[PDB]
Amino acid sequence: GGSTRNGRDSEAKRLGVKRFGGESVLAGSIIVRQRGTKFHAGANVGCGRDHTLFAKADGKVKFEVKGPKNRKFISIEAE
Amino acid sequence: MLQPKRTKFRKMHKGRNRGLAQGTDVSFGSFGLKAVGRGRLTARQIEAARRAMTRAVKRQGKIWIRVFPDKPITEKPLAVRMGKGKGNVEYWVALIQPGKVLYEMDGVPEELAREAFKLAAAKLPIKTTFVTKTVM
Amino acid sequence: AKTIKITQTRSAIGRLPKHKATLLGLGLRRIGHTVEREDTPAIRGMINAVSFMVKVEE
Amino acid sequence: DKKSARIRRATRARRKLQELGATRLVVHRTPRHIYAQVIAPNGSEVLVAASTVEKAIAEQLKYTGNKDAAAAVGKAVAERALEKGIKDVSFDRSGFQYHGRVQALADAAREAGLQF
Amino acid sequence: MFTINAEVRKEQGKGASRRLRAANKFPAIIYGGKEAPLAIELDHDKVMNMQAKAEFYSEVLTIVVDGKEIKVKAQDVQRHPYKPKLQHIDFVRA
RNA sequence: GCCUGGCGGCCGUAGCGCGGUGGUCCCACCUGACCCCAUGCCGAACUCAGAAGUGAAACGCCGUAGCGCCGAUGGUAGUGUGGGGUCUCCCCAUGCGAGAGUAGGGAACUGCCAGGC
RNA sequence: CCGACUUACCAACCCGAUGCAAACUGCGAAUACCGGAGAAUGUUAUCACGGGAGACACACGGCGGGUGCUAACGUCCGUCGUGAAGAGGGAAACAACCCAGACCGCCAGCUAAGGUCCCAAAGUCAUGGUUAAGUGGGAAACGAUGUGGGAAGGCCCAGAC
RNA sequence: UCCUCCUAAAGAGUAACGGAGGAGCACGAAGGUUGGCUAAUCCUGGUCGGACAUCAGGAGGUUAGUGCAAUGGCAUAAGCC
RNA sequence: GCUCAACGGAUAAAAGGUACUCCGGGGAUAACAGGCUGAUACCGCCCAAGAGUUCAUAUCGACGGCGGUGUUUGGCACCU
């Protein structure tokens, strides 16, 4: 028969890279599709809707593993 | 025989054959038919070597088959052009790397095991060797 | 500080763009060109990046 | 386990107050006593504490772990908080309901001057 | 008795180990849990003949390095996948 | 110094199992419930008022490796660059170098406040 | 009969051992990518705006793959190199392979790949071996007292084959 | 035409008449908030309950569930009242 | 107010025949033949359960395996 169909996305991964000086609201990890690979806990709580993680203060990205579940968190720390 | 009862997916990619085999030791039996060289071992060749073994040992002792034909191989029919989808699944192979113990034997004398392994090796495409259980 | 001599010995024609840019960062132009470069782990890393072409007088 | 269920009830508001950087007035309630702790937003050091097991609070009360005892502990913790000079704390239920001794402690802190 | 004459390893790595196997010797390691492990190389044909002797694994062996006798025991053997030869042995101090 | 409670840090060298141990200090079960309140019935739970009783259960502490968990050294697989046999796969120089196993470790450590001895 | 075997054939669970997976992951590289700092080098190579384009039929080779038959000078992608649009030397002849990027002239020298008996420039070079088929100078399973090297193993001067 | 996975080479992207599946809606609650709660499965005693209806106890730990494909999620639950 | 679903949507509005044909092009693309490849075809060999009365190999040889030729049906679309 026939089985040749596919969808499209054009980004699916992080943009902030833990040295990245992201200001204001830059999407640190857009189209993660989900709050579980990365959580936002440094600059308050990101993860608005479609779980896009974004900065809330002008500063450097921070990647870290916290919690009892060994979950990965994106933080924003000041320069 | 030796086609799996179910598969998650009907067809696979062709792939490439790996470096070296896991399962190089003689584990269950006392003698083994180790593989020296790469290739794909068809289920029909596996069955033919098994029958040669079993009749050579006269259905005495116990024989282990350490490989299984879990990869479906598709072939296009005759006088059809390229494309138009992937071909129909025709037969099943096991990918063999050098060092893979293919068969195992116990409960027989060593020379009778060597004769049965030689008659199986005459049916297999790849070059094989006789190995014995070693303690480590 | 101490300086070393780096001489090109092979051509840069079929090489990778990273290899060509490493020769540009070294300062080598011709197939016999020699340069005097100050001794530094960065210069040594460029030599190790393209070491099949260069020849180093210490 | 009742303590584990209480921690599961408390955890959502505890992480929400941790993310806001809020100085938490937490309350612990037992059948015998009630405890109040104003804790700095880092969560590691306790700024102000007032407990029913403290003898100065416990001598004035007919029964420890009463609603009157909860009001006395809330008044005491708000008095020590305003003596320390800190204000604008956020109240943590710590898994309990806002009812009875917990509500009485928070109402006494609000009356004595700790604003939420 | 099972005495093996062994030499210490000047260089470790896959290239050095393959150079040993090209020079018909093979690497080995000794560890005891009380002191630092010692990396050695062995004469492959001699240690092969001691493999073919079937009492190699049961009893206590004697490795001589620099004239020093070390009482060991064979823990595991890494064998070549499709040739008789062997690549690596680890010895536990007995 | 010891024990207990609360909030953390760190998240299996942190847990589970087995055995022992603690009591109107503290905490749990426990007494009663019209009343502050609740059960799509349930004073199970949530609450409130607390004369007695026991720590039995839970919880805390200690011991035990049985299971989880961590885990070298050495080797192997892979691979960047250059070179070479190649019919479909490898080899050499050099750089990086696992995973699984092995020896072994391991019955957490620590900060603030409060209470009793 | 409130049943004293659970079968000399098997479809489930668990335990111990053994593999396999593009659409499996309790693990996990090398590289690549993103950002920051620093030196040296590069005719600011980089970015923005504006004037003028062409091009949107690609090919082969290496690596990683789908498809095909792990077929095709096949087809479709990623990536690099070359040709396209690059002569010169080599592979006999040879777009794409190897070496190397031609401003012009020289009856000057040194080298790369590749070679050095004659065609045809340069070793009938030096030392140590191997092969006797013209292997070199096409081809597998499999077969054979071809002939070198190495580590061992039986019988044997109480007489081994 | 749109969505999900693989191909796809551990950033993004990436083709084929490649391998598999779905969508052209639904919901005024199936949205918001507050308060509360935790599954699949297995072993047992009892009304047609029989192997599976409903209780009670134990084991287990997310093997469930998500309005609907697949993937990534989810206990502080985004799952249930 | 769109199955403008050929979903960046030619128009509100549209199916066929041509062996009677015609033009502009293409070896960018098919038919014949050549080329590459050899799945298929044809030929040969390896193992030997057998049958051949006993006996594998006088003759044939299952289950399987490895090649050769260009040689059928094909694949590709390199030449025209």
# chains A, B, ... in the order shown; residues from 1 in each chain; ligands from 1
$ residues_around --residues "residue E:61" --least-positions-apart "6" --cutoff "6 Å" --atoms "only C-alpha atoms (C1' of nucleotides)" --output "NGL selection string"
:E and (2 or 71-73)
$ interface_residues --of "chain C" --to "chain G" --cutoff "12 Å" --atoms "only C-alpha atoms (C1' of nucleotides)" --output "PyMOL selection string"
chain C and resi 3+9-32+35-46
$ residues_around --residues "residue B:53" --least-positions-apart "2" --cutoff "6 Å" --atoms "only C-alpha atoms (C1' of nucleotides)" --output "VMD selection string"
chain B and resid 50 to 51 55 to 56 116 120
$ write_last_selection --atoms "C-alpha atoms" --output "PDB file, in the first residue's frame"
ATOM      1  CA  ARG B  50      20.863 -28.943  12.416  1.00  0.00           C
ATOM      2  CA  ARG B  51      19.557 -31.988  10.507  1.00  0.00           C
ATOM      3  CA  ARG B  55      21.470 -37.477  12.012  1.00  0.00           C
ATOM      4  CA  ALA B  56      25.264 -37.628  12.405  1.00  0.00           C
ATOM      5  CA  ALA B 116      28.761 -33.843  13.230  1.00  0.00           C
ATOM      6  CA  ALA B 120      27.110 -28.976   9.644  1.00  0.00           C
TER       7      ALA B 120
END
$ interface_residues --of "chain A" --to "chain F" --cutoff "12 Å" --atoms "only C-alpha atoms (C1' of nucleotides)" --output "short mmCIF file (atom, residue, chain, number, x, y, z; two decimals) with C-alpha atoms, in the first residue's frame"
data_model
loop_
_atom_site.label_atom_id
_atom_site.label_comp_id
_atom_site.auth_asym_id
_atom_site.auth_seq_id
_atom_site.Cartn_x
_atom_site.Cartn_y
_atom_site.Cartn_z
CA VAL A 65 20.55 18.13 38.26
CA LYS A 66 18.54 18.53 41.49
CA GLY A 67 15.79 16.74 43.36
CA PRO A 68 15.25 13.14 44.46
CA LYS A 69 14.28 12.12 40.91
CA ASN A 70 17.58 13.27 39.27
CA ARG A 71 15.77 15.75 37.08
#
$ closest_atom_pairs --of "chain B" --to "chain G" --cutoff "9 Å" --atoms "only C-alpha atoms (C1' of nucleotides)" --output "CSV"
residue,atom,partner,partner_atom,distance
B:9,CA,G:23,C1',8.3
B:12,CA,G:22,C1',7.1
B:13,CA,G:22,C1',6.3
B:14,CA,G:70,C1',7.8
B:15,CA,G:70,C1',8.2
B:16,CA,G:70,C1',7.1
B:17,CA,G:70,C1',8.9
B:22,CA,G:19,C1',7.6
B:23,CA,G:19,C1',7.0
B:27,CA,G:18,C1',7.5
B:28,CA,G:17,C1',8.0
B:66,CA,G:19,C1',6.9
B:67,CA,G:19,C1',6.7
B:68,CA,G:20,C1',7.8
B:69,CA,G:20,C1',8.9
B:70,CA,G:20,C1',6.8
B:71,CA,G:20,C1',8.7
B:75,CA,G:69,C1',7.8
B:76,CA,G:68,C1',8.3
B:82,CA,G:68,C1',7.0
B:83,CA,G:67,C1',7.2
B:85,CA,G:67,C1',8.6
B:86,CA,G:67,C1',7.3
B:94,CA,G:20,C1',8.6
B:125,CA,G:141,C1',7.8
$ closest_atom_pairs --of "chain H" --to "chain A" --cutoff "10 Å" --atoms "only C-alpha atoms (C1' of nucleotides)" --output "JSON lines"
{"residue": "H:2", "atom": "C1'", "partner": "A:7", "partner_atom": "CA", "distance": 7.4}
{"residue": "H:3", "atom": "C1'", "partner": "A:7", "partner_atom": "CA", "distance": 5.7}
{"residue": "H:4", "atom": "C1'", "partner": "A:7", "partner_atom": "CA", "distance": 7.3}
{"residue": "H:5", "atom": "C1'", "partner": "A:6", "partner_atom": "CA", "distance": 9.4}
{"residue": "H:11", "atom": "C1'", "partner": "A:13", "partner_atom": "CA", "distance": 7.1}
{"residue": "H:12", "atom": "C1'", "partner": "A:11", "partner_atom": "CA", "distance": 5.5}
{"residue": "H:13", "atom": "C1'", "partner": "A:10", "partner_atom": "CA", "distance": 6.9}
{"residue": "H:16", "atom": "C1'", "partner": "A:4", "partner_atom": "CA", "distance": 9.5}
{"residue": "H:17", "atom": "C1'", "partner": "A:2", "partner_atom": "CA", "distance": 8.3}
{"residue": "H:18", "atom": "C1'", "partner": "A:4", "partner_atom": "CA", "distance": 7.4}
{"residue": "H:19", "atom": "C1'", "partner": "A:3", "partner_atom": "CA", "distance": 7.7}
{"residue": "H:20", "atom": "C1'", "partner": "A:3", "partner_atom": "CA", "distance": 7.0}
{"residue": "H:21", "atom": "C1'", "partner": "A:3", "partner_atom": "CA", "distance": 8.5}
{"residue": "H:71", "atom": "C1'", "partner": "A:33", "partner_atom": "CA", "distance": 9.7}
{"residue": "H:72", "atom": "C1'", "partner": "A:34", "partner_atom": "CA", "distance": 6.5}
{"residue": "H:73", "atom": "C1'", "partner": "A:34", "partner_atom": "CA", "distance": 5.3}
{"residue": "H:74", "atom": "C1'", "partner": "A:36", "partner_atom": "CA", "distance": 7.6}
{"residue": "H:78", "atom": "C1'", "partner": "A:35", "partner_atom": "CA", "distance": 9.6}
$ atom_distance --atom1 "atom CA of residue D:11" --atom2 "atom CA of residue D:28"
14.2 Å
$ interface_residues --of "chain B" --to "chain F" --cutoff "12 Å" --atoms "only C-alpha atoms (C1' of nucleotides)" --output "PDB file with N, CA and C atoms, in the first residue's frame"
ATOM      1  N   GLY B  15      21.022  -2.328   7.161  1.00  0.00           N
ATOM      2  CA  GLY B  15      22.062  -2.246   8.165  1.00  0.00           C
ATOM      3  C   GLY B  15      23.403  -2.734   7.653  1.00  0.00           C
ATOM      4  N   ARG B  16      24.360  -2.798   8.572  1.00  0.00           N
ATOM      5  CA  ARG B  16      25.666  -3.371   8.293  1.00  0.00           C
ATOM      6  C   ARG B  16      26.039  -4.321   9.416  1.00  0.00           C
ATOM      7  N   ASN B  17      26.972  -5.218   9.123  1.00  0.00           N
ATOM      8  CA  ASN B  17      27.285  -6.293  10.044  1.00  0.00           C
ATOM      9  C   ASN B  17      28.386  -5.818  10.989  1.00  0.00           C
ATOM     10  N   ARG B  18      28.245  -6.186  12.261  1.00  0.00           N
ATOM     11  CA  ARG B  18      28.992  -5.589  13.361  1.00  0.00           C
ATOM     12  C   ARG B  18      30.450  -6.049  13.365  1.00  0.00           C
ATOM     13  N   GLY B  19      31.204  -5.542  14.342  1.00  0.00           N
ATOM     14  CA  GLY B  19      32.607  -5.897  14.444  1.00  0.00           C
ATOM     15  C   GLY B  19      32.844  -7.317  14.918  1.00  0.00           C
ATOM     16  N   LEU B  20      32.558  -7.592  16.186  1.00  0.00           N
ATOM     17  CA  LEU B  20      32.834  -8.892  16.778  1.00  0.00           C
ATOM     18  C   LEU B  20      31.626  -9.342  17.582  1.00  0.00           C
ATOM     19  N   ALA B  21      31.505 -10.653  17.746  1.00  0.00           N
ATOM     20  CA  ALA B  21      30.293 -11.275  18.250  1.00  0.00           C
ATOM     21  C   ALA B  21      30.312 -11.384  19.765  1.00  0.00           C
ATOM     22  N   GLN B  22      29.138 -11.217  20.365  1.00  0.00           N
ATOM     23  CA  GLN B  22      28.926 -11.575  21.756  1.00  0.00           C
ATOM     24  C   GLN B  22      28.382 -12.996  21.839  1.00  0.00           C
ATOM     25  N   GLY B  37      34.456 -15.624  10.524  1.00  0.00           N
ATOM     26  CA  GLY B  37      34.059 -14.895   9.341  1.00  0.00           C
ATOM     27  C   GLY B  37      32.616 -14.415   9.422  1.00  0.00           C
ATOM     28  N   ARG B  38      32.349 -13.330   8.700  1.00  0.00           N
ATOM     29  CA  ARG B  38      31.054 -12.665   8.700  1.00  0.00           C
ATOM     30  C   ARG B  38      30.121 -13.271   7.666  1.00  0.00           C
ATOM     31  N   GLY B  39      28.839 -12.975   7.817  1.00  0.00           N
ATOM     32  CA  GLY B  39      27.844 -13.433   6.873  1.00  0.00           C
ATOM     33  C   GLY B  39      26.483 -13.386   7.518  1.00  0.00           C
ATOM     34  N   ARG B  40      25.466 -13.742   6.743  1.00  0.00           N
ATOM     35  CA  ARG B  40      24.117 -13.864   7.267  1.00  0.00           C
ATOM     36  C   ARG B  40      23.681 -15.314   7.142  1.00  0.00           C
ATOM     37  N   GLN B  97      28.934 -12.622  13.222  1.00  0.00           N
ATOM     38  CA  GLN B  97      30.217 -11.958  13.351  1.00  0.00           C
ATOM     39  C   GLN B  97      31.255 -13.011  13.709  1.00  0.00           C
ATOM     40  N   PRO B  98      32.547 -12.743  13.488  1.00  0.00           N
ATOM     41  CA  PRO B  98      33.570 -13.731  13.848  1.00  0.00           C
ATOM     42  C   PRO B  98      33.634 -13.966  15.349  1.00  0.00           C
TER      43      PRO B  98
END
$ interface_residues --of "chain D" --to "chain F" --cutoff "6 Å" --atoms "only C-alpha atoms (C1' of nucleotides)" --output "PyMOL selection string"
chain D and resi 43-46
$ write_last_selection --atoms "N, CA and C atoms" --output "compact mmCIF listing (two decimals), in the first residue's frame"
# COMPACT_ATOMS: atom_id res chain seq x y z
N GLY D 43 15.82 28.47 53.20
CA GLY D 43 15.26 27.25 53.72
C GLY D 43 16.15 26.49 54.69
N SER D 44 17.35 26.98 54.96
CA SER D 44 18.31 26.25 55.78
C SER D 44 18.41 26.78 57.20
N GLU D 45 18.27 28.09 57.40
CA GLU D 45 18.38 28.69 58.72
C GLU D 45 17.02 29.20 59.17
N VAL D 46 16.75 29.06 60.47
CA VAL D 46 15.49 29.50 61.06
C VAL D 46 15.73 30.85 61.72
$ select_by_dssp --residues "chain E" --states "helix (DSSP H, G or I)" --output "PyMOL selection string"
chain E and resi 14-22+44-52
$ write_last_selection --atoms "N, CA and C atoms" --output "PDB file, in the first residue's frame"
ATOM      1  N   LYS E  14      45.749   0.773  23.687  1.00  0.00           N
ATOM      2  CA  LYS E  14      45.373  -0.171  22.640  1.00  0.00           C
ATOM      3  C   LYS E  14      46.490  -0.349  21.619  1.00  0.00           C
ATOM      4  N   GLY E  15      47.211   0.726  21.286  1.00  0.00           N
ATOM      5  CA  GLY E  15      48.317   0.604  20.350  1.00  0.00           C
ATOM      6  C   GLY E  15      49.483  -0.185  20.915  1.00  0.00           C
ATOM      7  N   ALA E  16      49.812   0.048  22.189  1.00  0.00           N
ATOM      8  CA  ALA E  16      50.876  -0.705  22.844  1.00  0.00           C
ATOM      9  C   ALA E  16      50.499  -2.173  23.016  1.00  0.00           C
ATOM     10  N   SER E  17      49.235  -2.446  23.352  1.00  0.00           N
ATOM     11  CA  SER E  17      48.781  -3.825  23.502  1.00  0.00           C
ATOM     12  C   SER E  17      48.770  -4.561  22.166  1.00  0.00           C
ATOM     13  N   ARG E  18      48.376  -3.879  21.088  1.00  0.00           N
ATOM     14  CA  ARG E  18      48.426  -4.501  19.771  1.00  0.00           C
ATOM     15  C   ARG E  18      49.860  -4.681  19.289  1.00  0.00           C
ATOM     16  N   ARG E  19      50.776  -3.799  19.698  1.00  0.00           N
ATOM     17  CA  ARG E  19      52.191  -4.010  19.402  1.00  0.00           C
ATOM     18  C   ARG E  19      52.743  -5.219  20.149  1.00  0.00           C
ATOM     19  N   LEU E  20      52.292  -5.428  21.390  1.00  0.00           N
ATOM     20  CA  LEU E  20      52.661  -6.634  22.130  1.00  0.00           C
ATOM     21  C   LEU E  20      52.146  -7.890  21.437  1.00  0.00           C
ATOM     22  N   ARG E  21      50.885  -7.864  20.998  1.00  0.00           N
ATOM     23  CA  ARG E  21      50.317  -9.025  20.316  1.00  0.00           C
ATOM     24  C   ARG E  21      50.935  -9.244  18.938  1.00  0.00           C
ATOM     25  N   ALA E  22      51.457  -8.190  18.313  1.00  0.00           N
ATOM     26  CA  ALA E  22      52.215  -8.361  17.080  1.00  0.00           C
ATOM     27  C   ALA E  22      53.613  -8.907  17.344  1.00  0.00           C
ATOM     28  N   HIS E  44      53.475 -15.269  25.209  1.00  0.00           N
ATOM     29  CA  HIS E  44      52.153 -15.778  24.877  1.00  0.00           C
ATOM     30  C   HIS E  44      52.144 -17.289  24.701  1.00  0.00           C
ATOM     31  N   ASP E  45      53.186 -17.852  24.079  1.00  0.00           N
ATOM     32  CA  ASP E  45      53.231 -19.295  23.853  1.00  0.00           C
ATOM     33  C   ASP E  45      53.366 -20.064  25.163  1.00  0.00           C
ATOM     34  N   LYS E  46      54.190 -19.555  26.083  1.00  0.00           N
ATOM     35  CA  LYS E  46      54.361 -20.201  27.378  1.00  0.00           C
ATOM     36  C   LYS E  46      53.085 -20.140  28.208  1.00  0.00           C
ATOM     37  N   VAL E  47      52.450 -18.963  28.279  1.00  0.00           N
ATOM     38  CA  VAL E  47      51.214 -18.867  29.052  1.00  0.00           C
ATOM     39  C   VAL E  47      50.085 -19.642  28.370  1.00  0.00           C
ATOM     40  N   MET E  48      50.118 -19.765  27.036  1.00  0.00           N
ATOM     41  CA  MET E  48      49.215 -20.661  26.310  1.00  0.00           C
ATOM     42  C   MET E  48      49.374 -22.123  26.701  1.00  0.00           C
ATOM     43  N   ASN E  49      50.615 -22.598  26.811  1.00  0.00           N
ATOM     44  CA  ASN E  49      50.833 -23.986  27.207  1.00  0.00           C
ATOM     45  C   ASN E  49      50.372 -24.221  28.642  1.00  0.00           C
ATOM     46  N   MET E  50      50.561 -23.222  29.504  1.00  0.00           N
ATOM     47  CA  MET E  50      49.991 -23.292  30.842  1.00  0.00           C
ATOM     48  C   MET E  50      48.464 -23.193  30.856  1.00  0.00           C
ATOM     49  N   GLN E  51      47.838 -22.508  29.884  1.00  0.00           N
ATOM     50  CA  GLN E  51      46.381 -22.591  29.735  1.00  0.00           C
ATOM     51  C   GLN E  51      45.949 -24.002  29.383  1.00  0.00           C
ATOM     52  N   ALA E  52      46.652 -24.620  28.428  1.00  0.00           N
ATOM     53  CA  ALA E  52      46.302 -25.956  27.961  1.00  0.00           C
ATOM     54  C   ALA E  52      46.471 -26.995  29.057  1.00  0.00           C
TER      55      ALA E  52
END
$ atom_distance --atom1 "atom CA of residue A:18" --atom2 "atom CA of residue A:58"
13.2 Å
$ select_by_dssp --residues "chain B" --states "strand (DSSP E or B)" --output "ChimeraX atom specification"
/B:31-36,39-42,62-65,71-75,88-96,101-106,127-132
$ residues_around --residues "stretch 33-39 of chain I" --least-positions-apart "6" --cutoff "10 Å" --atoms "only C-alpha atoms (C1' of nucleotides)" --output "MDAnalysis selection string"
(chainID B and resid 75:79) or (chainID G and resid 68:69 71:74) or (chainID I and resid 70 74:76 78:79)
$ closest_residue --among "F:84, F:74, F:106, F:43" --to "residue E:37" --atoms "only C-alpha atoms (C1' of nucleotides)"
F:74
$ atom_distance --atom1 "atom CA of residue A:45" --atom2 "atom CA of residue A:22"
15.6 Å
$ interface_residues --of "chain H" --to "chain D" --cutoff "12 Å" --atoms "only C-alpha atoms (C1' of nucleotides)" --output "PyMOL selection string"
chain H and resi 34-38+75-77
$ residues_around --residues "residue D:85" --least-positions-apart "3" --cutoff "12 Å" --atoms "only C-alpha atoms (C1' of nucleotides)" --output "number ranges by chain"
D: 47-48, 78-82, 88-89, 113-114
$ write_last_selection --atoms "N, CA and C atoms" --output "PDB file, in the first residue's frame"
ATOM      1  N   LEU D  47      14.974  31.859  61.280  1.00  0.00           N
ATOM      2  CA  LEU D  47      15.102  33.183  61.877  1.00  0.00           C
ATOM      3  C   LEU D  47      14.425  33.233  63.239  1.00  0.00           C
ATOM      4  N   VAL D  48      13.140  32.894  63.295  1.00  0.00           N
ATOM      5  CA  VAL D  48      12.350  33.049  64.516  1.00  0.00           C
ATOM      6  C   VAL D  48      11.658  31.721  64.800  1.00  0.00           C
ATOM      7  N   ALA D  78       4.830  36.160  66.305  1.00  0.00           N
ATOM      8  CA  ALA D  78       4.739  37.469  65.667  1.00  0.00           C
ATOM      9  C   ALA D  78       5.449  38.539  66.484  1.00  0.00           C
ATOM     10  N   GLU D  79       5.426  38.426  67.819  1.00  0.00           N
ATOM     11  CA  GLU D  79       6.163  39.363  68.665  1.00  0.00           C
ATOM     12  C   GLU D  79       7.667  39.247  68.459  1.00  0.00           C
ATOM     13  N   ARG D  80       8.196  38.018  68.402  1.00  0.00           N
ATOM     14  CA  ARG D  80       9.630  37.872  68.153  1.00  0.00           C
ATOM     15  C   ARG D  80      10.006  38.246  66.724  1.00  0.00           C
ATOM     16  N   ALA D  81       9.102  38.048  65.759  1.00  0.00           N
ATOM     17  CA  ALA D  81       9.386  38.452  64.385  1.00  0.00           C
ATOM     18  C   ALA D  81       9.452  39.970  64.254  1.00  0.00           C
ATOM     19  N   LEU D  82       8.504  40.682  64.869  1.00  0.00           N
ATOM     20  CA  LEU D  82       8.558  42.140  64.855  1.00  0.00           C
ATOM     21  C   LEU D  82       9.678  42.689  65.729  1.00  0.00           C
ATOM     22  N   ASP D  88       6.341  40.839  56.292  1.00  0.00           N
ATOM     23  CA  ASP D  88       5.843  40.326  55.008  1.00  0.00           C
ATOM     24  C   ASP D  88       6.262  38.873  54.775  1.00  0.00           C
ATOM     25  N   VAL D  89       5.891  38.017  55.725  1.00  0.00           N
ATOM     26  CA  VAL D  89       6.132  36.590  55.570  1.00  0.00           C
ATOM     27  C   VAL D  89       4.923  35.935  54.911  1.00  0.00           C
ATOM     28  N   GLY D 113       0.615  41.452  64.365  1.00  0.00           N
ATOM     29  CA  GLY D 113       1.276  42.354  63.439  1.00  0.00           C
ATOM     30  C   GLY D 113       1.991  41.700  62.280  1.00  0.00           C
ATOM     31  N   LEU D 114       2.068  40.374  62.224  1.00  0.00           N
ATOM     32  CA  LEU D 114       2.718  39.701  61.110  1.00  0.00           C
ATOM     33  C   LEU D 114       1.755  39.641  59.930  1.00  0.00           C
TER      34      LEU D 114
END
